[PDB]
Structure formats: structure tokens, C-alpha cells
Amino acid sequence: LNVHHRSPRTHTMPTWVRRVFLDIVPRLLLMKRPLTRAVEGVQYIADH
Amino acid sequence: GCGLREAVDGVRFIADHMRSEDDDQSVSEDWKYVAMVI
Amino acid sequence: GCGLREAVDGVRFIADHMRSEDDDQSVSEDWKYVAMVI
Amino acid sequence: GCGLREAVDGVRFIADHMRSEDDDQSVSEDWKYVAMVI
Amino acid sequence: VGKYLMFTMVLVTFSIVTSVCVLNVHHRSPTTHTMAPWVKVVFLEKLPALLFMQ
Ligand SMILES: CCCCCCCC
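Procedures and definitions
- Residues numbered from 1 in each chain as written, not as in the entry; some residues may be left out.
- Chains lettered and ligands numbered in written order.
- Part of a larger assembly, values for the part shown.
- Heavy atoms only, no water.
- Contact = heavy atoms within 4.5 Å.
- Buried area = accessible area lost by both parts, 1.4 Å probe.
- Salt bridge = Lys/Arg side-chain N within 4 Å of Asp/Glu carboxyl O.
- Polar contact = N/O pair within 3.5 Å; in protein donor to acceptor, adjacent residues only side chain to side chain.
- Core = buried A, V, L, I, M, F, W, Y, C linked by side-chain atoms within 4.5 Å.
- Buried < 20%, exposed > 50% of the residue type's maximum accessible area, 1.4 Å probe, protein only.
- Helix = DSSP H or I, 4+ residues; strand = E, 2+ residues; numbered from the N terminus.
- Expected span 1.5 Å × (residues − 1).
- Bend = angle between axes of the 7 residues up to and from the residue.

This entry, as listed in the PDB, derives from cryo-EM and reports a resolution of 2.64 Å.

For this structure, the PDB entry title reads "The 2alpha3beta stoichiometry of full-length human alpha4beta2 nicotinic acetylcholine receptor in complex with acetylcholine and calcium".

Chain A is annotated in the PDB entry as Neuronal acetylcholine receptor subunit alpha-4 of Homo sapiens.

Topic: the interface of chain C and chain E
It is common to report an interface's size as the accessible area lost on association of the parts. Between chain C and chain E, the residue contacts involve twelve residues of the former and 18 residues of the latter. Counting the surface chain C buries against chain E, the share from its top three residues, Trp31, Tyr33 and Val37 of chain C, is 45%. The tally of links from chain C across to chain E stands at zero salt bridges. Our count for the chain C to chain E interface comes out at zero residue pairs in polar contact.

Re the nonpolar core
Note that soluble globular proteins tend to have their nonpolar side chains buried in a common cluster. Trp31, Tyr33, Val34, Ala35 and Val37 of chain C together with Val25, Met35, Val39 and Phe43 of chain E together form the largest nonpolar core, which totals nine residues. Those elements that place two or more of their residues in this core are helix 1 (2-37) of chain C together with helix 2 (37-50) of chain E. When residues in this core are grouped by element, the largest group, five residues, is from helix 1 of chain C. When neighbours within four sequence positions are excluded, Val25 of chain E is seen to be in contact with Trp31, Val34, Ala35 and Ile38 of chain C. Among the nonpolar cores identified, the runner-up in size contains five residues, and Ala38 of chain A, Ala7 of chain B together with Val8 and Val11 of chain C belong to it.

Observations concerning helix 2 of chain E
Residue and element names in this part refer to chain E. Look at helix 2: 19 Å from first C-alpha to last across 14 residues, which is about the 20 Å you get at 1.5 Å a residue. Where helix 2 bends most, at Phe43, the angle is about 30 degrees. Residues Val39, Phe43 and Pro48 constitute the buried set of helix 2. Phi for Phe52, located one or two positions after helix 2, is positive at around 60 degrees.

Here it is in C-alpha cells:
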């Protein structure tokens, strides 16, 4: 439950965690993953 | 000039993002319906 | 004419709304982090 | 020609819709504050 | 064994109180609370470093 509620706002995922638990263990378990103002506003929205 | 191209690109990105979100939400609702049927 | 001014004002208001939403989300996440520290 | 008018109408509609959402969120937060005071 | 059980019940009661306080802190937003500057400087800079939270 602690691992499940993790976000970039509080935690960083180690590379080894990513590699292990998104490549090997999932495979070993037989579970496979599937005007200036206007343009400034539009750019801010896209970036957001 | 470049402002118009950036604006069009941003609008297209917004439209694509909402389309993808709608598709995801629809698949989730299909799963909820399957659970309801069971 | 008036259509352009209305469109620009609406785009600006949408931008301001999104910035306010980001600010509020950031403060909420700060509170969450404080609870995690405690 | 009509496309620009349709886009202006859509932008106005989006802005009005987000204004409405903001008003509703404000009222809900007022009710939450009332509960916390009680 | 009874002494240990008593001690642990006292600790768990304290934990329940602390968990109520932690939950109260967790569900805070600008619409209802304002974060004091001391809260920031302490809980987001100093104490996290002491605890290796980064
Ligand atoms: C061109 C304005 C788009 C605003 C999208 C907002 C989605 C929450």
C-alpha cells in the first residue's frame, strides 16, 4: 500500500527498481503490460 | 508568425490529450460493466 | 472584432484558472509531505 | 468563414463552463468549512 | 508479560492519537488552512534531511 500511493511529488523511482519490476519479474510471472496573451495562454496550457 | 504555429500545435496537442483521456475512461467503464455483470 | 477580443479574454481566463489550480494543488501536496514527514 | 465564428463560440462556451465549475467548487468548499467549524 | 502488554497498549493509544493528528494535517488545503512560515522551514527543509527523506 505504501508503494502504491507513491508520486513524483514525494519519491524517485530507482533505475534498478524500474528495470527489475517492469521487465523481469512481470515476465517471470506470465503477466504482460499492455495576440501575445492568447498564444502565451495556449502554450502554458499545453505545457501544463 | 511562429506564435500562430505554436498556438495551432498546442491546440492539437490538447485535443489529442483529451481524446486519449476519453478512450482510457471508456475502457475503465467497460471493465466496471464487466464486474457489474459478474 | 468583438469576437477576437472575447476569444482572447476567454483564453486568458482559462490560463489564469489553470495557474490557480496549480498553486492550490502545490499547497495541498506540501501539506501531504508535512504529514509524511511527521 | 463560419469556422472562425464557431471557434469563438466554442472558446466562449469553454470559459463559461469553467466559470461555472469554479463557482460550484467554491460553494462546496464553503460547506466543508461550515462542517469544520461545527 | 502483562507489564509488556500494558506498555504496548499505552504506546498504541498514543499512536492512535498521533494518527488522528497526522490525518488532520494530511487533509489540509489553501481553501481552509494557511501554512505558517515556521512550518515550511522546519518540516520541508530541516527535519526531512535529518530523516534521510530528500
Ligand atoms: C483552449 C482551452 C482549453 C482548455 C482545456 C481545459 C481542460 C481542463
